[PDB]
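Worksheet: one structure, shown below.
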Amino acid sequence: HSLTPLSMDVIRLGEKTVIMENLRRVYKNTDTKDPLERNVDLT
Amino acid sequence: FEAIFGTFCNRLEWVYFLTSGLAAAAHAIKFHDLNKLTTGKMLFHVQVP
């Protein structure tokens, strides 16, 4: 069991530090739609 | 008499393409056999993730 240092953006909000992530790079030029952009219906 | 004081000429300032800031948008190349070629192509190969 070992750890690897890597750099990512962090927001500090209410005594919690949270990682901020943006999965654009996974779905770019791929055939699969990014699931974080969706359709929301209203009647 | 009529006096002719100094006669002057247009001391024009020149412009050079590579001194222009627009040249940043260009990668300028000199080729002496340009009169001979008529086609220039660049081929791209890309496999999607």
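Throughout, read-outs are computed from the coordinates displayed, never taken from laboratory work. Don't worry about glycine lacking a Cβ; one is built from the backbone with ideal geometry, like all the others, and counts go over all protein chains shown.
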* Structure fact -> Assertion target for A:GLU21, A:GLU15, ordered by fewest C-beta neighbours within 10 angstrom first, is A:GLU15, A:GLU21
* To do: Two decimals is fine: what is log10 I(q)/I(0) at q = 0.17, 0.24 Å⁻¹ for the protein assembly as shown, from a Debye sum with one equal scatterer on every Cα and no solvent?
  => -1.09, -1.29
* Determine ³J(HN,Hα), in whole Hz, for all residues of region A:33-42 in sequence, where each value follows from phi through the Karplus function 6.51 cos²θ - 1.76 cosθ + 1.60 and θ = phi - 60°; x replaces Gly and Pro. => 6, 5, x, 7, 10, 9, 10, 10, 9, 9
* For chain A, state which trypsin sites (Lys or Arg not before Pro) are in a DSSP loop and have at most 13 other beta carbons lying within 10 Å of their beta carbon. => A:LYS28, A:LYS33, A:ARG38
* Structure fact -> Here chain B gives, from Cα atoms, an Rg and Dmax in Å of 24.7, 90
* Structure fact -> Taking max minus min of the Cα coordinates of chain A on each principal axis, largest first, gives extents in Å of 45, 31, 19
* chain A-region B:21-41 distance, computed between alpha-carbon centres (Å) -> 44
* What is the spin-label model distance, in nm, from B:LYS36 to A:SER7 if the labels are put 7 Å beyond Cα along the C-beta direction? -> 5.0
* Karplus-derived 3J(HN,Hα), 6.51/-1.76/1.60, for each residue of region A:15-22, Hz, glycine and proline x -> 6, 10, 9, 10, 7, 10, 9, 8
